[PDB]
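Working notes, beginning with the structure itself.
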Amino acid sequence: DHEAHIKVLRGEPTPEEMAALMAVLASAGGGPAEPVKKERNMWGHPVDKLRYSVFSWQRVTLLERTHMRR
Amino acid sequence: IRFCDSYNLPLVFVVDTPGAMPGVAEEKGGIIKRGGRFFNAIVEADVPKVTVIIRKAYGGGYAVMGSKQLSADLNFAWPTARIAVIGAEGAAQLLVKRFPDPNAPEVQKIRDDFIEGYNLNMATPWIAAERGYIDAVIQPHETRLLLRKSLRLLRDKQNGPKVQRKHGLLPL
Amino acid sequence: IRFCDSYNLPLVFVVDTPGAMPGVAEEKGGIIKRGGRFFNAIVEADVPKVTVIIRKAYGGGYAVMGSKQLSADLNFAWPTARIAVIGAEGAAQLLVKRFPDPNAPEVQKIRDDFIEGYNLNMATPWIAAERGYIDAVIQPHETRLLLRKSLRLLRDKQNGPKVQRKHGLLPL
């Protein structure tokens, strides 16, 4: 067991106060956890709009890396 | 260094060195070319480079261990840092070999007073700080969080201008 | 090789070698990494690579001196070429490591017969030629004009597929 739990550091609520608290906190939860449906779409990415010198090293370290990083 | 650069790992240099090892066996073992490759690798690399000097940074040790002049990005020193071309003892020998002999404690006194003056005025953080060869002299307890701040800033470093070509040439 | 590749000079390899020099002094001197760097450089180079074997090409000498397997472009051999994993005497020596009685006349007869057979059937141009490890066996007088024709063909060589990246790493 290595999840970080909610801790009541001070105070001792009754079961009904604990239930009210946890229901409120869960309603205040951040919604869906993360946007797992996010999809890669590199069309018109800003790095493709830059002018690069034909001998520019940023062709390797900026342009190519941005296209290839996954 | 070359491996870390290929895999985009930032480099942290923690410096406390008199520099290259002197001696005939080191010369014959190729210390010039191996130090050359060390200098080459550190300038070649594109990753963020941050340096913390703890005591000694003499000569080639200063230069190679992520000095700003060799393209390190951020340079910090603890107040114990000593940045110089040569240590006090080496400069003292260079001085006193001009006297005919250590013929009396006169020469000892001359050495000791030179060494005191040199460790107070030369081999210090403060000249390099005045000139901006190092970006800051810091209290040692700052180091961990300062490295966090620095490498957050440097996260997206783009190294240039550099001319793309087949490759650079190492001293080999 | 790295310099020549950097300045686009074609490479001509002219081979007559038993391979790496054996011994404790060479091993301690770094022969493994230095050979590794020779291999690395020869494969890294994009320039045209042409090879002529004159006599011996044993082991790593064969491999490193512009073998086709290490991406040499055209490979020729004189009829005196001898391409093998080990020379006849080294093969005979391990032969005689078993049933070792090296003082007897009969084992010296066995060595002589083995060396004769090996230099007739194994350490030759012909196995490599029949497998296509080399592109041709040539009369020695052809070499100059054949080098001209070959490097004219290879003049516009494009080496690929290669994945562009910061750099290649090498044993260092």
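Letters A, B, ... mark the chains of the structure tokens in the order given; residue numbers begin at 1 per chain; ligand numbers begin at 1, in order shown.
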With 8 Å as the limit and counting only C-alpha atoms, what residues in chain B lie close to chain C? Please list them as a PyMOL selection string. chain B and resi 2-3+6+166-167+169
Residues from the last selection, N, CA and C atoms, saved as a JSON list (two decimals), in the first residue's frame:
```json
[["chain", "number", "residue", "atom", "x", "y", "z"],
["B", 2, "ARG", "N", 29.89, 12.79, -24.32],
["B", 2, "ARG", "CA", 29.29, 12.54, -25.63],
["B", 2, "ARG", "C", 28.03, 11.68, -25.53],
["B", 3, "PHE", "N", 28.04, 10.67, -24.65],
["B", 3, "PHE", "CA", 26.83, 9.88, -24.44],
["B", 3, "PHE", "C", 25.67, 10.72, -23.89],
["B", 6, "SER", "N", 24.18, 12.81, -26.61],
["B", 6, "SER", "CA", 23.32, 12.06, -27.53],
["B", 6, "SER", "C", 21.96, 11.79, -26.92],
["B", 166, "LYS", "N", 28.91, 16.97, -41.94],
["B", 166, "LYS", "CA", 28.99, 15.53, -41.69],
["B", 166, "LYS", "C", 29.32, 15.23, -40.24],
["B", 167, "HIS", "N", 30.38, 15.83, -39.71],
["B", 167, "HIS", "CA", 30.70, 15.64, -38.31],
["B", 167, "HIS", "C", 31.80, 16.61, -37.92],
["B", 169, "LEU", "N", 35.54, 16.81, -35.87],
["B", 169, "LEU", "CA", 36.74, 15.99, -35.79],
["B", 169, "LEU", "C", 37.36, 16.08, -34.39]]
```
Write down as a VMD selection string the residues of stretch 85-155 of chain B whose backbone DSSP state falls under helix (DSSP H, G or I). chain B and resid 88 to 96 105 to 121 126 to 131 140 to 155
Save out the residues we just selected, C-alpha atoms, as a PDB file, in the first residue's frame.
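What landed in selection.pdb:
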```pdb
ATOM      1  CA  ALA B  88      49.947  29.160  -4.665  1.00  0.00           C
ATOM      2  CA  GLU B  89      52.699  26.571  -4.165  1.00  0.00           C
ATOM      3  CA  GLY B  90      53.412  26.331  -7.882  1.00  0.00           C
ATOM      4  CA  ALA B  91      53.542  30.097  -8.279  1.00  0.00           C
ATOM      5  CA  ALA B  92      55.816  30.272  -5.222  1.00  0.00           C
ATOM      6  CA  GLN B  93      58.231  27.757  -6.729  1.00  0.00           C
ATOM      7  CA  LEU B  94      58.155  29.717  -9.981  1.00  0.00           C
ATOM      8  CA  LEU B  95      59.092  32.794  -7.950  1.00  0.00           C
ATOM      9  CA  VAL B  96      61.804  31.432  -5.669  1.00  0.00           C
ATOM     10  CA  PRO B 105      65.017  31.129   6.130  1.00  0.00           C
ATOM     11  CA  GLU B 106      64.836  34.423   4.250  1.00  0.00           C
ATOM     12  CA  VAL B 107      63.648  32.383   1.266  1.00  0.00           C
ATOM     13  CA  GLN B 108      61.220  30.438   3.418  1.00  0.00           C
ATOM     14  CA  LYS B 109      59.708  33.703   4.664  1.00  0.00           C
ATOM     15  CA  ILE B 110      59.530  34.971   1.082  1.00  0.00           C
ATOM     16  CA  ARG B 111      57.640  31.821   0.071  1.00  0.00           C
ATOM     17  CA  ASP B 112      55.256  31.936   3.005  1.00  0.00           C
ATOM     18  CA  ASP B 113      54.433  35.619   2.526  1.00  0.00           C
ATOM     19  CA  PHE B 114      53.929  35.075  -1.199  1.00  0.00           C
ATOM     20  CA  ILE B 115      51.645  32.102  -0.562  1.00  0.00           C
ATOM     21  CA  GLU B 116      49.603  34.107   1.947  1.00  0.00           C
ATOM     22  CA  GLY B 117      49.215  37.026  -0.438  1.00  0.00           C
ATOM     23  CA  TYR B 118      48.371  34.741  -3.344  1.00  0.00           C
ATOM     24  CA  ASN B 119      45.737  32.748  -1.474  1.00  0.00           C
ATOM     25  CA  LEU B 120      44.224  36.016  -0.240  1.00  0.00           C
ATOM     26  CA  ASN B 121      44.225  38.015  -3.477  1.00  0.00           C
ATOM     27  CA  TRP B 126      36.475  37.215  -6.421  1.00  0.00           C
ATOM     28  CA  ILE B 127      38.500  38.097  -9.533  1.00  0.00           C
ATOM     29  CA  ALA B 128      36.463  35.721 -11.698  1.00  0.00           C
ATOM     30  CA  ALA B 129      33.317  37.145 -10.106  1.00  0.00           C
ATOM     31  CA  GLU B 130      34.419  40.723 -10.808  1.00  0.00           C
ATOM     32  CA  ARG B 131      35.058  39.848 -14.433  1.00  0.00           C
ATOM     33  CA  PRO B 140      26.636  26.108  -0.398  1.00  0.00           C
ATOM     34  CA  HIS B 141      23.157  25.370   1.017  1.00  0.00           C
ATOM     35  CA  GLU B 142      21.599  27.128  -2.016  1.00  0.00           C
ATOM     36  CA  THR B 143      23.016  24.589  -4.471  1.00  0.00           C
ATOM     37  CA  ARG B 144      20.225  22.001  -4.793  1.00  0.00           C
ATOM     38  CA  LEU B 145      17.391  24.460  -5.367  1.00  0.00           C
ATOM     39  CA  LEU B 146      19.574  26.692  -7.519  1.00  0.00           C
ATOM     40  CA  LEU B 147      20.291  23.717  -9.778  1.00  0.00           C
ATOM     41  CA  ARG B 148      16.550  23.134 -10.017  1.00  0.00           C
ATOM     42  CA  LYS B 149      15.893  26.755 -11.003  1.00  0.00           C
ATOM     43  CA  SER B 150      18.774  26.795 -13.489  1.00  0.00           C
ATOM     44  CA  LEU B 151      17.900  23.569 -15.278  1.00  0.00           C
ATOM     45  CA  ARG B 152      14.239  24.571 -15.444  1.00  0.00           C
ATOM     46  CA  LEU B 153      15.355  27.745 -17.213  1.00  0.00           C
ATOM     47  CA  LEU B 154      17.695  25.830 -19.545  1.00  0.00           C
ATOM     48  CA  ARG B 155      15.183  23.043 -20.277  1.00  0.00           C
TER      49      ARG B 155
END
```
Could I get the residues of chain A with an atom no further than 7 Å from an atom of chain B, each paired with its nearest atom pair and that distance in Å to one decimal, using only C-alpha atoms, sorted by chain and residue number, as a tab-separated table?
```
residue	atom	partner	partner_atom	distance
A:55	CA	B:164	CA	5.0
A:56	CA	B:163	CA	5.8
A:57	CA	B:164	CA	5.1
```
If DSSP is run on the backbone, what residues of chain C are strand (DSSP E)? A reply as a PyMOL selection string would be ideal. chain C and resi 11-17+49-58+74-77+82-84+136-137
Please identify all polymer residues within 6 Å of stretch 52-61 of chain B, counting only C-alpha atoms, omitting same-chain residues fewer than 6 positions from it, and present them as an mmCIF file with N, CA and C atoms, in the first residue's frame.
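Result written to out-v2.cif:
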```cif
data_model
loop_
_atom_site.group_PDB
_atom_site.id
_atom_site.type_symbol
_atom_site.label_atom_id
_atom_site.label_comp_id
_atom_site.auth_asym_id
_atom_site.auth_seq_id
_atom_site.Cartn_x
_atom_site.Cartn_y
_atom_site.Cartn_z
ATOM 1 N N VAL B 14 30.935 19.411 -11.097
ATOM 2 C CA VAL B 14 31.280 19.703 -9.711
ATOM 3 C C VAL B 14 32.802 19.685 -9.618
ATOM 4 N N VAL B 15 33.388 20.867 -9.445
ATOM 5 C CA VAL B 15 34.796 21.103 -9.740
ATOM 6 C C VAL B 15 35.582 21.186 -8.448
ATOM 7 N N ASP B 16 36.631 20.387 -8.337
ATOM 8 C CA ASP B 16 37.656 20.615 -7.329
ATOM 9 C C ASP B 16 38.937 19.935 -7.778
ATOM 10 N N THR B 17 39.710 20.602 -8.620
ATOM 11 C CA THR B 17 40.826 19.964 -9.269
ATOM 12 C C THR B 17 41.995 20.920 -9.442
ATOM 13 N N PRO B 18 43.231 20.442 -9.280
ATOM 14 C CA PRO B 18 44.395 21.221 -9.708
ATOM 15 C C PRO B 18 44.661 21.183 -11.204
ATOM 16 N N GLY B 19 43.846 20.487 -11.980
ATOM 17 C CA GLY B 19 44.062 20.316 -13.402
ATOM 18 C C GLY B 19 44.771 19.028 -13.772
ATOM 19 N N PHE B 76 28.519 28.756 -11.116
ATOM 20 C CA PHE B 76 28.419 29.115 -9.720
ATOM 21 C C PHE B 76 29.662 28.638 -8.991
ATOM 22 N N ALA B 77 30.020 29.345 -7.930
ATOM 23 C CA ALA B 77 31.146 28.961 -7.095
ATOM 24 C C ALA B 77 30.754 29.064 -5.632
ATOM 25 N N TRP B 78 31.172 28.089 -4.834
ATOM 26 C CA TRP B 78 31.127 28.251 -3.398
ATOM 27 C C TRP B 78 32.230 29.201 -2.959
ATOM 28 N N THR B 80 34.557 28.862 -0.958
ATOM 29 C CA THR B 80 35.843 28.185 -0.883
ATOM 30 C C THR B 80 36.544 28.063 -2.227
ATOM 31 N N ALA B 81 35.876 28.394 -3.325
ATOM 32 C CA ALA B 81 36.479 28.270 -4.643
ATOM 33 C C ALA B 81 37.765 29.077 -4.769
ATOM 34 N N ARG B 82 38.712 28.528 -5.519
ATOM 35 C CA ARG B 82 39.998 29.155 -5.808
ATOM 36 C C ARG B 82 40.226 29.004 -7.301
ATOM 37 N N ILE B 83 40.071 30.083 -8.053
ATOM 38 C CA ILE B 83 40.197 30.058 -9.503
ATOM 39 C C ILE B 83 41.492 30.756 -9.875
ATOM 40 N N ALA B 84 42.378 30.050 -10.567
ATOM 41 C CA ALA B 84 43.667 30.646 -10.889
ATOM 42 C C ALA B 84 44.335 29.841 -11.989
ATOM 43 N N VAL B 85 45.367 30.435 -12.586
ATOM 44 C CA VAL B 85 46.198 29.709 -13.538
ATOM 45 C C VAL B 85 46.955 28.581 -12.858
ATOM 46 N N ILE B 86 47.410 28.805 -11.633
ATOM 47 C CA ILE B 86 48.233 27.839 -10.923
ATOM 48 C C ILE B 86 48.011 28.042 -9.438
#
```
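Note that atom CA of residue A:54 and atom CA of residue A:67 are 17.7 Å apart.
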Can you list, as a ChimeraX atom specification, every protein, DNA or RNA residue that comes within 12 Å of stretch 26-43 of chain A when you count only C-alpha atoms, leaving out same-chain residues fewer than 5 positions away? /A:6,19-21,48-49,63,66-70
